[PDB]
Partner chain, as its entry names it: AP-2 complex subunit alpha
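There is one chain below, alone, in structure tokens, taken in the form solved without the partner chain.
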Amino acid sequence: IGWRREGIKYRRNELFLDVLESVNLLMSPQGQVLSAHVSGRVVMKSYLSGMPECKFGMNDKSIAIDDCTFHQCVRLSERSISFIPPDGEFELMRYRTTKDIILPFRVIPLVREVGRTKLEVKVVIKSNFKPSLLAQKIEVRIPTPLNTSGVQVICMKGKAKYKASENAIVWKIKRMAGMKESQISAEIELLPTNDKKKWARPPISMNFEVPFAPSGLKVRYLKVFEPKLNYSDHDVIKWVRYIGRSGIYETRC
């Protein structure tokens, strides 16, 4: 074992697991999911005495993993995962998922043209997850046409600015609980324009962080066995956090 030395001892045998998923979505204007995937990694931070043999178990039956490499120390086959981890922080596994992804937010855009002069836009977001969980760091980014003289917005939650240099309205919300709805309206004031070329309407995109794996993955157990030393599994202090963040998360209209 060239990844972990042999004299390692800790008063407090403790490990930390991070499940870090980025969830990607391309959604049609009429709500069809055009494309969706999740990339994830499990990072482990372990302060464990000796040369312990852990078994990592999750609900891979109950979700479907489409492939994934592991860390050198993983013993290859419920065909569950086995290893002696390096001390400190390392990447346990990396994975991909396409089936049965929880799409934490739903974006519902509504767009109305007022002659040649104004666009009326309403955008609704819906959080799709347990009410006890908060999403945070939410941005909705609404692209505006190149011939935009100015923008008025109203929204009850958050703050929104027109950012002319980037041709987008950006709406930010610090936190938002599962199973809710929020909306923004904007009046976009148009300059006159070359009648011929139509507006090539980029999607509305989102940023967010959520405290669960959007793939549905959960950690069931991480079992520690070091059989020379006089600690056992139930002496180990175990922590998990899940951090699901948006990758490319777009809704067309």
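Positions refer to the first chain, counted from 1.
If you look for the form deposited with the partner chain bound, you will not find it shown, but the lines that follow are about it.
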Check: Taking 4.5 angstroms as the cut-off for heavy atoms, does residue 166 touch the partner chain in the deposited complex?
Finding: no
Check: residue 84 near the partner chain in the deposited complex, any heavy atom under 4.5 Å?
Finding: no
Check: If you look in the deposited complex, which residues in 102-129 sit within 4.5 Å of the partner chain (heavy atoms)?
Finding: 108, 110, 112, 113, 115, 116, 120, 122, 124, 126
